[PDB]
Amino acid sequence: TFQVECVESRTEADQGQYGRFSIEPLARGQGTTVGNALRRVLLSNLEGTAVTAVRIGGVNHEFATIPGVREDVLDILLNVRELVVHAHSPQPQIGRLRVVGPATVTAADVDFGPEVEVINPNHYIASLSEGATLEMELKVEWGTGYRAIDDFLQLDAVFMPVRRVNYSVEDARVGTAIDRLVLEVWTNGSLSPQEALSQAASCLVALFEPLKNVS
Amino acid sequence: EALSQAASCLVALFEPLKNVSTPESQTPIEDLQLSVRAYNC
DNA sequence: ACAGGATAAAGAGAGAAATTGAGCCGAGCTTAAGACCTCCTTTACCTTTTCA
């Protein structure tokens, strides 16, 4: 019997949200149990969307250049691996970019479908000079956890909605040994930290439920 | 039964985090129809 | 060390004083209910002003 209270919530400019929760009173040793389980589930067992592959018109390898584009293929790939998207359908989607001329290519230029929302609309991707056309095709998939790899260039997508999890255990002794959990959650903005916390708790409850009524 | 009790404790531990995260009394005393004396006091 | 001698300063003996506490009382004191007299309020109806 405890009470979870969001002490603080923020929305950093990069659209990355932050939250801190105080959970108390917890019995001695339960703070670490809850904190570690929540951290593992949040960072490893939440679903999210990320750019899995990309095709660029004019190149064929990661170590290649694009005439008139300040960055090369590698810089664009790294700038796109951190592009944050959120899909409303379990079906993989394809977005198309075709900016041209002097321009700063940001996330807003990607023509995703109605089912894909770019969390940060101004996310630097490339900088085109005069008489340059950047033709790009991005593929968005549904996955969990950072996933390194072994036509379309395969990418090491970051499916994680949650960016960072920290927890600390204090002592709320009034006058036994009671504990208090302080949980800090940084999310990339695709989910609020309260939605990420709710989904992590749902996964844990679903894991521990069948271990109760039989064995 | 210890495995069952431990699982029950865990489920009860993570349950609160699953989804947690009258017109007559507003009447001004003028409508009480008090005596002018009581009202004024 | 031990014995004798001189002395003053500190105990025992008693009653008489002064307190003292103890019972046994009724005089002082408190409590509660009811009645009961000033002071005040507010009304209903006026009279008495200043003015168009």
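Those protein sequences? They're chains A and B, same order as listed. So for the first sequence, our numbering puts the first residue at 1; every next one is plus one. So for the second sequence, our numbering puts the first residue at 1001; every next one is plus one. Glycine residues also receive a C-beta, built at the ideal position from the N, C-alpha and C atoms.
For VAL205 of chain A, at least one C-beta of chain B is nearer than 7 angstroms to its own C-beta. Interface flag for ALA1007 of chain B against chain A is set, since a Cβ pair is found closer than 7 angstroms. With a cut-off of 8 angstroms on Cβ pairs, the stretch 194-207 of chain A is not in contact with the stretch 126-133 of chain A, counting fewer than three such pairs. At the C-beta level, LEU42 of chain A and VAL174 of chain A stay beyond 7 angstroms of one another.
Under the 7 angstroms criterion on CB atoms, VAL1036 of chain B is classed as non-interfacial with respect to chain A.
Nearest CB-CB separation between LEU197 of chain A and chain B: below the 7 angstroms threshold. Excluding five sequence positions before and after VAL100 of chain A, the CB atoms of its chain that fall closer than 8 angstroms to its own CB belong to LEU128, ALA132, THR133 and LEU134, given in chain order. Rounded to whole angstroms, the Cβ separation of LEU197 of chain A and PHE21 of chain A is 7 angstroms, and the two are in contact under 8 angstroms.
Contact annotation, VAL118 of chain A with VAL105 of chain A: C-beta distance approximately 13 angstroms; criterion of less than 8 angstroms not satisfied.
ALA37 of chain A is classed as buried because its beta carbon has at least 16 other beta carbons within 10 Å across all chains shown.
Classified as buried, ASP179 of chain A has 16 or more neighbouring CB atoms from the shown chains inside 10 Å of its CB.
Close to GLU1015 of chain B, with beta-carbon spacing below 8 angstroms, are these residues of chain A in chain order: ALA201 and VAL205. Cα atoms of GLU141 of chain A and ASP150 of chain A: separation of roughly 17 angstroms, rounded to the nearest angstrom. Under the DSSP assignment, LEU97 of chain A falls in the beta strand (DSSP E) whose first and last residues are 93-97.
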